[PDB]
């Protein structure tokens, strides 16, 4: 028998509208690093100035990175007091953990305070917390730590996403979607907070993929408030989450691997990451657009007629996706702007881009929060090789 007790009404009432972004806040550590002269600083502080050839290669990596500056919790004083972090391969995890278990929820709190202020509702209305970081682990997690720092209700429903990597900006959108939609009244605080203190290390002539990481990764935290059924005249919608998908791309074993070791977090590239992403992105998107839009003539937007939020893992990914899909160069502009101003902040990146997109749209008096377009994409890429796809709708603006 597949017998069951008599049905009862859904005991936890669900919402009816789509999960909606209601506020966005961001924060970065206070130490600014100009990319043009980062090689000078980096080879000085790692006591590596005798590696003249390797410094030239690193100057090339920095010059070609698409990054103008980065923010970091680390500075010269902290690094000098921790020589094991300045070496390429010395036991360090303990001091790295000591830093990030405190500083990632601290930075997350700064971003969350800004999101909550914009939202304009009292903190006690937050029912769910999603915390995402690739920088350290602890028990209780950063989610608990953030709850304490902000003074949220002790009954918030928390989800702690540790050690996930660069695609997880897409993942948290996918997680928040179901939380918000399946729970009437739920208001989800999503915080992504990333610090390079776990990955910073000195240079090695035989590990150029680890060196690329030293040129690309920067610090940042972003926070959003997600809910369904926004309260009219009280809350303000900015983006709607309509579709989510995840894909391990074909032939991509080992493309991006990271290991938490006694020497800290190591970062490995072993496949042509921009090549794998660009080779497969068309089928990923074609499937997503079919699910969202169907396929009747004149009903499916062209890729040039949606807004783009693409994780800028490096400039080559954006370049090769733009080439493969024949995007006009303005499509990737917002994603490139955040790469320029902040570098690769791992999971936090895509929310910085989302914030930049709406703020530029308002300033330039465009017809929507997504550059004048109704529909858009948010894409995360990372270990797997995992591609996270999110189809969004903007909101109309007065032009």
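Positions refer to the first chain, counted from 1.
- Relative to its counterpart among 79-87 and 202-210, 202-210 has the higher mean temperature factor, C-alpha atoms as listed in the PDB entry.
- The stretch with the higher mean CA B factor, choosing between 138-146 and 288-296, is 288-296.
- Note on 331, 336, 360, 69: the highest value goes to 69, judged by CA B factor as recorded.
- As recorded in the PDB entry, 302 shows the highest C-alpha B-factor of the residues 193, 155, 97, 302.
- Ranked within its chain, residue 51 lands in the middle third, by CA B factor from the PDB record.
- In the PDB entry, a CA B factor belonging to the highest third of its chain's modelled residues is recorded for residue 34.
- Residue 219 sits in the lowest third of its chain by CA B factor, as recorded in the PDB entry.
- The deposited CA B-factor of residue 59 belongs to the highest third of values across its chain.
- Placement of the Cα temperature factor of residue 181 within the chain: lowest third of the modelled residues, per the deposited record.
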